[PDB]
């Protein structure tokens, strides 16, 4: 009943109660959405070698017996997600010394799956996905020290109380390429918690390429204490999107906006990209990003930013890309974008901008891409764009442009001479003709 096409055997939702007899040369097998109640050593007796095995979402209670995978010396990826009340015997993964990827998402597993000996045989393991289980504390046993190629751990949607130095002791010395700790709440780590000093640095002697901490609230006081706690950790990309508690927002809230102290612990982290999108930041305070001295990309998209104080971008001598889309900016002036001499891409789309100051883009001699579409601009000052000599792409459409003469004379003439750069074409309100085509008498 399985569909066999070359080396792939697709057995999704076939009402199977055991591994069927199939040709012995296949290297990809998908057994998802069946009613297999137990896998044992006889389950994969004939399907040797094998590189990719999927058994997701069986009927509740799948049991994986000792030595189930012994002999599968070619197996690289083993996916077992969405098996409710998954029962693993302690030798369930015996023989998988070459496995690199294991996914055990939504299996009602708890912290003992990391502290017990379940994963001790997986000496070549590189990527472990444990999303959406019941792991309340992250306490890897010591054998993780010898998993020399372990570099990806995903614990998203586990109700983790807190992460501390002693918890992660057996991750020390490691370089993670991706450590995804998204939407785990960290409920205990509030400003009043007595455990902060004992907590130490959870990421001690550990470097991380992409640190994903999205969806965790991250009240300003918490971000400050957390990054102070992990001070010195080398992080290339920091993801803090969906921090619903970070900004103080439009309108009376109880939370504070970040300031020049919030991210101080990351001064020596070498962060290259930072994602703070989909939060509730209302004002950019002075030197709030002054500790990101290596940062190359910064997105603040989809916040509630209404105000940008002076020197908000202080210290960003290397910043190349700034995304400010979907906020509530009211007017742009020359002061707002100081300290961004090297900026090349600026996204100001989907805002509420009604005015551009005379010298708004003065300090951006290297600017290549400027998006200003979907705002409320009716006119621009003469010469506002004449010094952007490196400019390659500009968005000005979906604005209620006032195309009266001679007010529109500069913009209409400028857009025509530079017609190859305009993205989406800016249109006059009312007549709808391209601004680039208007020639004032």
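Residue numbers count along the first chain shown, from 1.
Of the two segments examined, 88 to 96 and 162 to 170, it is 88 to 96 that shows the higher average Cα temperature factor in the deposited entry. In this entry, 376 to 384 shows the higher mean Cα temperature factor of the pair 376 to 384 and 37 to 45. Between the residues 67, 412, 59, 32, the entry's highest C-alpha temperature factor is the one at 412. As recorded in the PDB entry, 366 shows the highest C-alpha B-factor of the residues 207, 216, 323, 366. Looking at the C-alpha B-factors along this chain, the one for residue 203 belongs to the lowest third.
In the deposited entry, the Cα temperature factor of residue 272 sits in the bottom third of values across the chain's modelled residues.
For residue 254, the recorded CA B-factor ranks within the highest third of the chain. Only modelled residues enter the ranking. When all modelled residues of the chain are sorted by CA temperature factor, residue 361 is found within the highest third. Among the modelled residues of its chain, residue 300 has a C-alpha B-factor that falls in the lowest third, as given in the PDB entry.
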